[PDB]
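First the structure, in the form of structure tokens, and then the observations on it.
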Number of protein chains: 6
Amino acid sequence: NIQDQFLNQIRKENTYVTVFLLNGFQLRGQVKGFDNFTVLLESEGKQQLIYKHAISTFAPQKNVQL
Amino acid sequence: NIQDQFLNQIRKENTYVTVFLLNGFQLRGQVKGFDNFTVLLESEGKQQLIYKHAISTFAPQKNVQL
Amino acid sequence: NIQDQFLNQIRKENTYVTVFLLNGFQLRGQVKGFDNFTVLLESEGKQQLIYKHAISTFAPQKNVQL
Amino acid sequence: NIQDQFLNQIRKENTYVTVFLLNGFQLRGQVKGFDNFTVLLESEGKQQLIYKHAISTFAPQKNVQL
Amino acid sequence: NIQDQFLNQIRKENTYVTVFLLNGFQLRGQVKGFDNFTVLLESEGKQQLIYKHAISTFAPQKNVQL
Amino acid sequence: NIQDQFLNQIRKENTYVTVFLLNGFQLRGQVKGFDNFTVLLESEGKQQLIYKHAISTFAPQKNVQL
RNA sequence: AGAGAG
């Protein structure tokens with residue numbers, strides 16, 4: 001499982017991440033949680049629960065070790 | 001399971017929530033209930049059954065306790 | 001199950017619902033049936049079979065009891 | 001199962017159908033086949049295999065008995 | 001199973017096929033193979049692995065035998 | 001399985017692929033890993049985790065053997 | 001957030 005490798009690191013190394021969404025919107029934050037369906041993003045003040053189905057791409061601040 | 005503590009908790013506390021849809025359209029209100037597939041939002045007196053497949057992000061009012 | 005309650009109640013009541021589609025399009029009419037994948041809507045004497053995957057939000061005209 | 005009722009009739013009564021798609025495109029034809037994933041449309045000369053996932057709505061030429 | 005006789009047959013006969021994507025973009029070519037999730041199209045010398053979730057419609061050259 | 005062959009072969013060969021996204025967006029880089037849900041792409045020293053649900057087409061630079 | 005595909 002890359003996805004889970006990727007995301008748990010980005011989570012415990014508190015990396016800043018841009019989340020690109022399906023529509024083109026770009027969100028920036030830190031991942032504080034994830035399950036099979038959803039990502040929990042700390043992003044500009046707020047806790048936003050993102051549906052994985054609406055995410056296109058994670059562009060990390062610093063590249064992850066996998 | 002974060003999705004489900006997120007949703008149940010913002011439901012118990014009538015947190016005011018911004019739901020952003022996949023299309024960009026954004027909706028505002030409170031979650032009356034949810035199941036596997038759908039989120040019942042009240043939106044100023046009014047009921048909207050939203051499919052979660054049409055939902056991108058929950059941005060609640062202040063931060064819940066997970 | 002909120003979806004099925006919500007949806008059998010609007011079918012029963014013969015409620016006028018706005019169905020916003022994923023593209024923003026809006027239909028209106030009344031529900032005549034559903035299954036796990038589809039909603040049959042009458043909208044001006046015409047039956048339209050809508051897939052639930054293309055639906056965003058059902059906004060009914062009087063809130064529902066569930 | 002409405003979906004299958006609907007579609008098998010529209011198929012054996014050779015009804016003309018507009019298929020509205022997720023993007024708004026409108027296609028017109030007769031259903032010559034369907035499986036769980038796909039619809040076979042006779043539509044302006046050609047046999048087009050449509051993915052159900054890309055279909056929003058079937059608007060039949062004459063309303064179906066269900 | 002229509003999808004699968006459709007695809008295998010247009011693959012055996014290098015039928016020229018218009019694939020319309022979900023976005024409207026349309027692509028033209030021949031199907032080299034397919035699996036559960038993906039259609040290998042050759043498109044003038046060139047290989048494109050397309051996810052079927054990104055595909056709306058197959059419009060082949062003349063009509064195949066199903 | 002064509003997808004996994006296709007994709008392990010471009011990962012092996014270190015091929016330059018264009019990945020067209022569902023929105024039309026184009027990325028380019030090379031595949032470093034995949035799982036059943038995601039592709040890890042390096043595109044200019046940066047790792048991007050793309051979901052397969054957001055991918056339309058992988059257009060590689062030299063056709064693949066499968 | 002009222003529908004004809006590069």
Side-chain angles (χ1 to χ4, degrees), chain A residues 22-23 25 54, chain B residues 18-29 39 41 43-44 46-57, chain C residues 16-29 39 41-44 46-51 53-61, chain D residues 16-29 39 41 43-46 48-61, chain E residues 16-29 41 43-44 46 48 50 52-60, chain F residues 18 20-26 56-57 59:
Chain A
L22 286 182
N23 63 0
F25 189 71
Chain B
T18 324
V19 216
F20 300 98
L21 296 189
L22 273 186
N23 61 12
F25 188 84
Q26 50 208 76
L27 260 148
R28 235 166 267 116
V39 181
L41 191 88
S43 213
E44 296 180 352
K46 204 300 147 91
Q47 271 168 8
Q48 293 144 297
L49 186 74
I50 329 189
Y51 286 104
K52 307 166 177 198
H53 64 237
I55 298 165
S56 175
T57 292
Chain C
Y16 273 103
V17 46
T18 299
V19 196
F20 293 84
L21 296 182
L22 290 183
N23 65 351
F25 193 77
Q26 308 177 192
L27 290 80
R28 257 171 292 245
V39 185
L41 190 66
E42 255 174 359
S43 148
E44 284 310 355
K46 206 214 296 82
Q47 308 167 338
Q48 266 151 123
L49 189 58
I50 326 185
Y51 281 102
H53 66 245
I55 305 171
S56 169
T57 299
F58 293 91
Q61 263 305 310
Chain D
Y16 277 85
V17 82
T18 316
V19 186
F20 296 91
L21 318 178
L22 286 182
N23 63 0
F25 189 71
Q26 311 185 187
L27 264 184
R28 276 208 112 241
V39 182
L41 202 64
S43 144
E44 287 253 38
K46 222 172 336 222
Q48 294 159 110
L49 179 77
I50 318 178
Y51 283 115
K52 288 174 179 197
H53 65 230
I55 297 163
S56 138
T57 301
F58 299 93
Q61 152 83 243
Chain E
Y16 274 97
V17 93
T18 324
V19 216
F20 300 98
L21 296 189
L22 273 186
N23 61 12
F25 188 84
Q26 50 208 76
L27 260 148
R28 235 166 267 116
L41 191 88
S43 213
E44 296 180 352
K46 204 300 147 91
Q48 293 144 297
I50 329 189
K52 307 166 177 198
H53 64 237
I55 298 165
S56 175
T57 292
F58 297 94
Chain F
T18 299
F20 293 84
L21 296 182
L22 290 183
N23 65 351
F25 193 77
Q26 308 177 192
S56 169
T57 299

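Excluded from the calculations below are hydrogen atoms, water molecules and symmetry mates; all remaining heavy atoms, backbone and side chain alike, are included. Chain naming here is simple, since letters A, B, ... match the order of the sequence lines and numbering starts at 1 in each.
The base of G:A1 lies outside donor-acceptor range of the side chain of C:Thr18, with no N or O pair under 3.5 Å.
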Anything under 3.5 Å between a donor and an acceptor, one on a side chain of residues 19-26 of chain B, the other on a protein residue two or more places apart or in another chain? List them.
residue : atom : partner : partner atom : Å
B:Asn23 : OD1  : B:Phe25 : N            : 2.9
B:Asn23 : ND2  : C:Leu22 : O            : 3.3

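Formation of a donor-acceptor pair under 3.5 Å by the C:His53 side chain with backbone atoms of D:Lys52 is found in this model.
Using a 4.0 Å cutoff on non-hydrogen atoms, the parts of residues 20-29 of chain C near RNA chain G are C:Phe20, C:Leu21, C:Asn23, C:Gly24, C:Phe25, C:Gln26, C:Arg28, ordered by number.
Between C:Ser56 and B:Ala54, the closest heavy-atom pair is CA-CB, 3.6 Å.
Partners of E:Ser43 by side-chain contact (heavy atoms from CB on, under 4.5 Å), not counting sequence neighbours, listed by chain and number: E:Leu41, E:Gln48.
Rounded to whole Å, atom P of G:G2 lies 16 Å from atom CD of C:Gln48. The CD1-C1' distance, from D:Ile50 to G:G4, rounds to 13 Å in whole Å.
Annotation: the span from C:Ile55 atom CD1 to B:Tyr51 atom OH amounts to 5.0 Å, rounded to 0.5 Å.
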